Every structure is written in C-alpha cells, then in structure tokens.
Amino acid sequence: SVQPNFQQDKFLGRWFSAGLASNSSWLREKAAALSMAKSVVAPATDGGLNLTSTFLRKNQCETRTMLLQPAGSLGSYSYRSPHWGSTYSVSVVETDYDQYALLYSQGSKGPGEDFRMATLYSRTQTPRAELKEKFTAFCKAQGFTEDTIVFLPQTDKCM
C-alpha cells in the first residue's frame, strides 16, 4: 500500500502534478480545464505535510493548501474536507524521490467514500516516457480505464 521504507524528508520540495486518474468525471473534467503550475510539499507542524498546489483557473493564478495528517504507516495520510463532508486516505504508494511519486487517494468517511484517485507527481514538468508508463500501468492495475487517465495541461505562469 505504501512505498516500502518511506522517508518523508526526501519527498519534500517541488513536484509537478503531471497526471491523474479518477472515477469522478467531474473532477477529471474540472482539473483538465486548469493549467497546473508547481506543487510544493513542506513539513507540517503536526508531523505530516502541507501540500500547496498552484494552477491557472480562467487565466487567474490560484493556490490551494491541503494539510496531510499522518494516518498509519509512514507514507500514509488523511485529508479532511469540510466542504465535501468527507475524509480521504492519501498514500504515497511508490516513489524514487528524485524522479516520480505515485499517490493514491480514496474516501474513508462521508459521501466521498467511493471517490478514488491516482496521481502522478514528477520532479520535471514534462515526465519522460518511463515515468508516464509507470503511472498508466499503476492506474490499469487499480482498475482505472484508459479514458479516466488524464495527463494534465501545464503552465509556466504563476511562477
């Protein structure tokens, strides 16, 4: 479930949100109309992570921050969303720290319990073929179909 021997300090820093797969068509569609700028992973006071995402929305730069509280094994987190009335499990399932990370999220409480999402984070804004295939292979193994896998538009604005 989690990356074996996960070391949080090496997962810190700048990542690019390069791909996502979800069983929510709404989320996929909304995300694709955004243009992703950098994400930043920083240490949180609670021992977990602050995940800060920057993106273009209708030509405006927007930033959103999510607190990833430590959940179970190292590399697993919980995200509580008052708006969605739900809590989500967020796990770093595989990473080499210096090129890519694969994240998997699903609801653990509330109406969001059926929500599922896989995320490709890349240290480079354009991940090479090997990294894209690691992501698609993971998505397929997890039951995401081809048309639910989205490579996300990027932008060099907002930074």
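Don't overthink the numbering: it's just position in the shown sequence, from 1.
For the segment pair 16 to 24 and 139 to 147, the entry gives 139 to 147 the higher mean B-factor, averaged over Cα atoms. Averaged over CA atoms, B-factors in the entry run higher in 46 to 54 than in the other of 95 to 103 and 46 to 54.
Ranked against the other modelled residues of its chain, the C-alpha B-factor of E29 as given in the entry falls in the lowest third. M36: CA B factor in the lowest third of modelled residues in this chain (values from the PDB entry). Sort the chain's modelled residues by C-alpha temperature factor and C61 lands in the middle third, per the entry. When the modelled residues of the chain are ordered by C-alpha B-factor, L68 sits in the middle third. Ranked against the other modelled residues of its chain, the C-alpha B-factor of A129 as given in the entry falls in the highest third.
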